[PDB]
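Written out below as structure tokens is the structure these notes cover.
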Amino acid sequence: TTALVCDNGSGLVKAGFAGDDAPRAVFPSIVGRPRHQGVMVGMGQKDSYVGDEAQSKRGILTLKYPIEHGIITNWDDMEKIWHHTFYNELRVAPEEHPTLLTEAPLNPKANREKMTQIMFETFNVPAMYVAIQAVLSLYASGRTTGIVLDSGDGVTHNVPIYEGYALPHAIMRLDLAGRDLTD
Amino acid sequence: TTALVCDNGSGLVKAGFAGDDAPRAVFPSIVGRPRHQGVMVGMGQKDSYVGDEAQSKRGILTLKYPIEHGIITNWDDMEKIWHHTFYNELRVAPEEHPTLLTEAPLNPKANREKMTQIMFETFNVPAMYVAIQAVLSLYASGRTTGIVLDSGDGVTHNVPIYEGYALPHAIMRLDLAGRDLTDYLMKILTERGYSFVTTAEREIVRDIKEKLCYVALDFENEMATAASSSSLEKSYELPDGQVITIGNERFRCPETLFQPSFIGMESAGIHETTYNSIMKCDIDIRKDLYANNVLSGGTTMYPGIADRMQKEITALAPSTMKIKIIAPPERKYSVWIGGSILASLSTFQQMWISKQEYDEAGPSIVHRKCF
Amino acid sequence: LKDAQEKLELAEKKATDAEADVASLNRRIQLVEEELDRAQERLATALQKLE
Amino acid sequence: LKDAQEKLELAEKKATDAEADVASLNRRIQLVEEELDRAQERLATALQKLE
Ligand SMILES: Nc1ncnc2c1ncn2[C@@H]1O[C@H](COP(=O)(O)OP(=O)(O)O)[C@@H](O)[C@H]1O
Ligand SMILES: Nc1ncnc2c1ncn2[C@@H]1O[C@H](COP(=O)(O)OP(=O)(O)O)[C@@H](O)[C@H]1O
Ligand SMILES: [Mg+2]
Ligand SMILES: [Mg+2]
């Protein structure tokens, strides 16, 4: 079967089946509970709008990103985001598809372990693999050497690679990124 | 069984069974004791004529409304009005029917608690629920967003709603309404010689206001035109003859809505309190509120108001937004139609304040979860 | 009276007919205005795309 | 009745005025239908130019 190449990121979740050119569904990763009271009855008001739906009703929501700086600070919201990504934006049950998450360098271990535990227990995938976000960006350029500066929205990290041999002592991770520029 | 959708209002009580198009019985809410002595014996003279009966014997009565500005100031008279409404205009005993009253926003708590206590103790209804008069008017339009300006006869209030989530911090309640316009018209008619003083003649001035007055599109041009030509002077026949001619009093009476400085009120008109109510809302739902401005209530029936208000708001608002004013022809009964729709819903059937709940928590149950 | 009776009945029927006509036409004008506005929003989308 | 006679006459006149507005609303409906069709066409051409 085909593999699911998910990419959590921080600010935009990008996902799609392996072997294509562009991600199938790209949508902000925000989960916003309503904050006002609500008087219309039977309007079908949900308790949390996630993804791109909460960028249209954002006038009466309190959007809050579940990923602060690479690390994940709110596991329930992240689980909700993943569930939405699998079931509504791709409509493929995870029981029949391998997954390939991505993770920033130098992140806490507990984050990665919890990520794999969720993927194996809740969604019950067949097999998942976690890859460093810079090696992939080096794949896409068709190179095999080079030093890649991957300035995302959460964290900016700079992984040098030569001839396929990564240099673990030369990774410089800096926490300034797009969110701090927005602020 | 069926629910009773009563709507106390202030000036006209509108009631009827849930699920219809129009209220079954609409009659003024006035209770007038006789004031003269009375010499015929055995004529069967009662001590208080209520409802539409006192609009026919008003020549020898002293009519007095039991609801001043939304709030209820005379509880015995209001109880009498309710008793009349249930037993003579609908002829259905309240022991077998839920009731759905309506209440203006930002009203005193004691009024609402006393209302529920009366409905549960005196009339002994099975279950009653109190709803804000603007949400119903939004129901009737079939929308789910929009900012509704419900200019009744007692009080004008402006409740903005988005996606079903009401914004409690943006409700702008103003106490200028139809009654103050009647008093101001009665006060400016004296400039031609016609003096109306008695509380019975207030009804005649109200009829003049309803049948003749209109809202000018541009005030200064109309004031200049009425002062040169005579194409505006419309005449009207009093209940006894002696026709009267109304000149530029026609568009000066309802102009008070847009310039409350005429009756000495400080606040801004209904054209600017809507814009202020919008600007208090969040920055991302202002376009939808601009496009779905809803009018309701009786006093918004003046010929030519849906254009004056749109012109004013377009002047105030940013030039890019589209300003649209929804003015359905069934404006007067909009609140009651919305009340019927709400009472007819299946999802709403478990929100009533059941009597056993009131017995356990007292009248203060209304402020609790069952709002 | 009979003359008044017929006058009253005919005027009432005419009034109800006019009311129904104007109400349904109001619904129609609402619908067509919705058509116009929603089409305008499509126009804005297209303008942004082309630019 | 004389007053009922005047009332029925006034109500039938009101019916006729509602019919005049029925005509005006018909004109609005027709012109807005032209607008709807023109918008369909213009949106089609805009999307084509986008392609
Ligand atoms: N065209 C653009 N110009 C400038 N900044 C952009 C542009 N597109 C995205 N950004 C910034 O980049 C962020 C998205 O980064 P992204 O690569 O999606 O992060 P992640 O690595 O979490 O996927 C946004 O928050 C935005 O601030
Ligand atoms: N056709 C009309 N033209 C102008 N004013 C009207 C008209 N009908 C009613 N009004 C005014 O509106 C008032 C009735 O308002 P209403 O909506 O019944 O108040 P409530 O909200 O208490 O029911 C009357 O006192 C009258 O002054
Ligand atoms: Mg990234
Ligand atoms: Mg009202």
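Every chain in the structure tokens takes a letter, A first, then B, and so on in the order presented; its residues are numbered from 1, and the ligands are numbered from 1 following the presented order.
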
Counting only C-alpha atoms, what is within 6 Å of region 170-172 of chain B, bar same-chain residues fewer than 5 positions away, as an NGL selection string? :B and (157-159 or 277 or 280)

10 Å contact set for residue 128 (chain B), only C-alpha atoms, chain neighbours under 2 positions out, as number ranges by chain: B: 3-5, 97-101, 115-116, 119-120, 124-126, 130, 351-355, 366

How large is the C-alpha RMSD when chain D is optimally fitted onto chain C, using all Cα positions paired one-to-one in sequence order? 1.4 Å

Using only C-alpha atoms and all ligand atoms, find each protein or nucleic acid residue lying at most 12 Å from ligand 1; present the set as a PyMOL selection string. chain A and resi 6-15+23+26-30+65-72+102-104+132-134+136-137+149-157+176-183

Would you mind telling me which residue in A:100, A:60, A:31, A:4 lies nearest to chain B when using only C-alpha atoms?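 Result for the nearest residue to chain B: A:60.
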
Which residues are near region 26-42 of chain D? Cut-off 9 Å, only C-alpha atoms, ignore same chain within fewer than 2 positions. Put them as a PyMOL selection string. (chain C and resi 25+28-33+35-36+39-40+42-43) or (chain D and resi 21-24+44-47)
